[PDB]
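Residue numbering begins at 1 within each chain, and the chains themselves are lettered A, B, C, D, E and F in the order written.
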Amino acid sequence: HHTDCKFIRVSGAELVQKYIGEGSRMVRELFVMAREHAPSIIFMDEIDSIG
Amino acid sequence: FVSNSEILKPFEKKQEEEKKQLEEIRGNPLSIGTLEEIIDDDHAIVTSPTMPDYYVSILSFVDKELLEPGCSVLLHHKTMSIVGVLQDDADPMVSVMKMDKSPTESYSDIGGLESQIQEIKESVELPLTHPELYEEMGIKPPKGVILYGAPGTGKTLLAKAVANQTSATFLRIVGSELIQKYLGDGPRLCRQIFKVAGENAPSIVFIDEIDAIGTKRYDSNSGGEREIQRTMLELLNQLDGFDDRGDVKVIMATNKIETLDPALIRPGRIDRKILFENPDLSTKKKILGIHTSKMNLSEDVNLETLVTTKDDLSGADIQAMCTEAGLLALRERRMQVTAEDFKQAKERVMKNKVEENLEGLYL
Amino acid sequence: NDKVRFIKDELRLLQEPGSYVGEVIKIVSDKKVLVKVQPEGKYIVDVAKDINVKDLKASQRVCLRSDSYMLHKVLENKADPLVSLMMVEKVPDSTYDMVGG
Amino acid sequence: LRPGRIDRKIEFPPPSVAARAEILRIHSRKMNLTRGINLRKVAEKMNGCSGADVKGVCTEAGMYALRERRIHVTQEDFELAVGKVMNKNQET
Amino acid sequence: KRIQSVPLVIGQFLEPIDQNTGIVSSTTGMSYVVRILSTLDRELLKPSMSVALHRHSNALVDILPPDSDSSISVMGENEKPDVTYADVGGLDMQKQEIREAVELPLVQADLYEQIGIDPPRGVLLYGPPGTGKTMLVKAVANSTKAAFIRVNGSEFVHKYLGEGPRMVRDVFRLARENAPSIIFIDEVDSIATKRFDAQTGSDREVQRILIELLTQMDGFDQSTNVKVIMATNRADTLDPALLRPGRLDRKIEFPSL
Amino acid sequence: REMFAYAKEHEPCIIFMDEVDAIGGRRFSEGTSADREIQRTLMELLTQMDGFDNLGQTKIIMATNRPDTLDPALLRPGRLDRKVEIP
C-alpha cells in the first residue's frame, strides 16, 4: 500500500495446466503480469502443510 | 518514358484489377480454421473453431510448401473455399519464452574464470562467430557443453556472456519445469523446446539447476516413475536421434550431475567437461575488485585485507559481502562506505547467511 | 413529432438482424481486423469507414455486425483478471497503524 | 540458503503479552467496545496465541453479545471468547 | 410494442451500452447486441434481469417478470416439513452457530450494524460424510417457513454448453426477490474442487460454472439478506480460495469420535 | 435422474444395481484426468436417497464384489440401512 503497487498472490497448485503451447506457460505466466505492470511485489501462497 | 510504359503502366493496371477481385475473393466475414491434411490434387480439409468438417479446393495466394498439417488458413463464407494461408506473427506460441536479443554482459565481470572460459568459448562462441575455422578444417564442433562444480562458483554468468557476443537467440529451460502434472506433457514440452530452437537460427539452449527426479521432493506432481523415463529420454532422442548438422547447442548445468543417468548425458556429443572449484587468494583479489568497481570505497578500505579474511568461499560469497556492506551503510546513508561496515558484513555472511558444513573434511 | 416519427420508424430497426459479439486479437495493413466470437469461431472483418485500426488493439470487446459482417464500434476493454485465477488488488487498506507490536 | 537468492532472512518471534496488547485493540477498533475492560489483562490470559487467534477473540466477541441482544460488549463476552479460542488450539 | 405477440427467444440482460441499446444473451448460446424497445427503459430492468428476444432478429421485445426457470423454479414448499429441530439432539452446539448466522440476520439485520460485526454471507459444513448436514438444514426450513432453495451440486450441469452458467445466475435472482431466502446446495464438491478446475480440451472451460459462483456471490449480498448453505465431504476437496476475506468465512466441522 | 423419475409414477418399483466396482467408490478429486463425470455420477446416487424427496416404495439393491471399493460415505447409514452378506 505504501509503495502504491498491485498485490498479486501465487498459487502453485493451479500454475500447471494442459493446453496447446500453454501447458508450461501458466507456470511462468505470472512473470508477464509483472512486466506490463511494474509495481508488482509478487507474493507466494500455498507454502507447505500446516497440518 | 520508354521503360515506364513497359513496367509501371502494366504493373499499375494489374494491381488495380487485382484489388477489384479481392472483393469477390476475400469476403466480409473471412472465416478461418485449422488445416488437417493436404493432397496433391489441390484439395484439403479445414476445421473451424466450431469443429465442422469440409472438403474444398486449394485456391491461389498459397503454395504447396507453405501448407503444413496443423496450421491455420483462411476460408470463404458461402463456398467455404480456402482463400490462402495466414502466417503466425508475434512469436510462434508463447510470449514469455526466454528468447531475447543482445542482453547486457561483458567479459570483465566474469574475470578470474578464464581458465574455464577458454574451453567453453571455443566450442560455442567460436563456431558461431568464426564459422570458417570448423568448416574449412573439416572437424565437427560439439553439439553442447556441460558444467559441474561446487555451488556458488557463478556458473550462470559463464553462459550469460555468450548471448551478448553471439547476438543470437538465447533460450533457458529450468530443470525443475521439465516434468508436468498431466501424464504425457513431459515429452510434449521438450518436443516444442527443440522445435522452436530449430526453426530460427542455431541459437543457444541453456538448462540450469536440474532437480528433476532427483531424490523425489515433488509430491504435488506424480509421474508414477513411468513419466520419469518418457520425459528424460525425450531430451536424449533430440540430442542423438534428431538429425542436425551441429547448429543446436544444448548446455546443461546444476549442482551435482552425478545423480543423473549418464546415458542421458549422451557421451561423445558433449566433448567439454568443465570443473569448478573454490578460488585461491590471488583470484579473489580480482573478483573483489569487480564488485567494488562501481562501489564507492573509503581511503582506509583495502582490497587485499578482505581477501585475507575470506576463507573457503566461492564467487557468490564475495558478492554477498559487497551487497551486505552496501546495506549496512544504507541504514546510515553514507556516500562512501567506511571500513567498519566491511568488518561487520564479512562476519555475518560466513555465519548466518552461509552455513559451512563439514562434508568431507578430515581436517 | 420527432418522438412519434422515431417510434413509427422503429419497425425497420426491429427487423434488422442485429449484431454479434466478438473480441479483437490482431490487425493488418489491409484494414482487416480479427474478431473472435465466443459461441462461434473466428472471423476476419473490415473496420468501419468512420474508424481505423489505430484505436484497435488486443483483448478489446467490440460489436460485430451480422448482415454485412463488419465492425461497428468498440464496447469495452478486457477485465483485469485473466486466464484461470488472477488476483488483482491495487492500493490495499493495510497500513502500518493496522499492525501493532 | 546460499547467498544469491534470498538476501535478507527475517526471523518472526512469537507474539507475547506486550505484543498482543497492541494487536487486540486494532482488530477490536472496528467494532463496539467498552471502556471498562483491560487491554493487557485479556492478552495475559492468552499464551502462545497467533495473530488469527487474537482476531478470533475479536470476531467471537460480538457473537456472545447477540445472545443477550445488547449493542455493547462487556467483560462477560471477552471471558467467554477467550475460553472458546483456547479450546480450539488445544484440540487436535 | 405489440408488433411481435408471437413466440419469442428468451434472453438475458448483461450490461448497458447506449440509450435504448443493450447487449443480451439468448438461451441459444449466441449473444447479440440489439436495441431496446422504445416503450421500455433501462431503469425498469436489472443487470441480471431475463428478457425476451425476437424469433429471427433476436431484438428486445418484452421484459419478463423478475423470475427465472431452472428446475421447477423451486417455490420451496411442497410437503417439505416432516420432522422438527427437537427430533435431533446433540447438535445444539452447532445449531446455535447456524441459527445466529442464518435465522438471526434474516429477522433483525440491525444487530450486526450496532456491534460492528460483518455477518457471514453463508455457512459451510465439514466432518465425516454420511452422518449430518441434512438434519440442521431441514430444521431451519421448517422453523423459518420462508423461501428455501434446494439444488444439488451436480444439478447445475446441463447437456447444453451455455445452459450451465445460465442456470447458476438464475438461482441467485430468485433469492433476491424474496428477502427471507435461503439457498442450499447439497454436495457442492462436485462443481467445486481443489485444483482440477482446468478441463483442458474436453469442452470449453467448465470453470465458468465456478466463476459464476464467485461472481454472483461477491456482487450480491450488499444488504446481507441472502444466505447460502453448502455441504461437502472434506475440506481438502473444496477450493481453498473460498475461505479468503471478502467471501464466505464460515467453517463448521462435524466432531468425529 | 431418469431412472428415479419412474419411482413417483409407478409406486411398486425396486431399482437394482449390478456389480458396481466403479461409481460406488469414493475417489476424491486429485488429478485423475477429468473424472468429473464419474465424480458427479456418485453425487447423483447419493442425492435421491438423501434429499427431502420422499418415496418409501422404492428399494435400492446394490451388488458388489467387495465393500472396500465402495465410498465410505455410501456405506454410512441413511442410504444403505441393511448390508446383506452372501458368503
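In the analysis below, contacts are C-beta pairs under 8 Å (C-beta built on N, C-alpha and C of every residue); 3 or more make two chains touch, one makes a residue touch a chain.
Q: To reach subunit E from subunit B by way of touching chains, what is the minimum number of steps?
A: Minimal hop count between subunit B and subunit E: 2.
Q: Which chain pair shows the largest tally of C-beta contacts?
A: E-F
Q: Can you work out the whole-Å distance between the CA centroids of subunit C and subunit E?
A: About 28 Å, centre to centre.
Q: Taking the mean of the CA coordinates per chain, how far is subunit B from subunit F in Å?
A: Taking the average C-alpha coordinate of subunit B and of subunit F, the gap between them is 54 Å.
Q: Could you put a whole-Å number on the gap between the CA centroids of subunit D and subunit E?
A: 34
Q: Quick check: how many Å separate the C-alpha centres of subunit C and subunit F?
A: Those two chain centres are 47 Å apart.
Q: Residues touching two or more other chains, restricted to subunit A: which are they?
A: Residues 11, 13-14, 17-18, 20, 29 of subunit A each touch two or more of the other chains.
Q: Which residues of subunit E are in contact with two or more other chains?
A: Answer for subunit E, listing residues that touch two or more other chains: 194-195, 197-198, 200, 241.
Q: Among the residues of subunit B, pick out those that touch two or more other chains and give their numbers.
A: Residue numbers touching two or more other chains: 181-182.
Q: Where on subunit F is subunit E touching in the complex?
A: Those residues of subunit F that touch subunit E are 26, 28-32, 34, 36, 39-40, 43-44, 46-47, 50-52, 54, 72-79.
Q: What part of subunit E is in contact with subunit A in the complex they form?
A: It is residues 194-195, 197-198, 200-201, 240-241 of subunit E that touch subunit A.
Q: For a test of understanding, state which residues of subunit A touch subunit E in their complex under the given definition.
A: 11, 13-14, 17-20, 46
Q: Can you tell me which positions in subunit B touch subunit A when the two form their complex?
A: 92-96, 177, 180-182, 185, 188-189, 192, 220-221
Q: Would you pull the subunit C residues touching subunit B in the complex into a rising list?
A: Residue list for subunit C touching subunit B: 26, 32, 40-46, 68-70.
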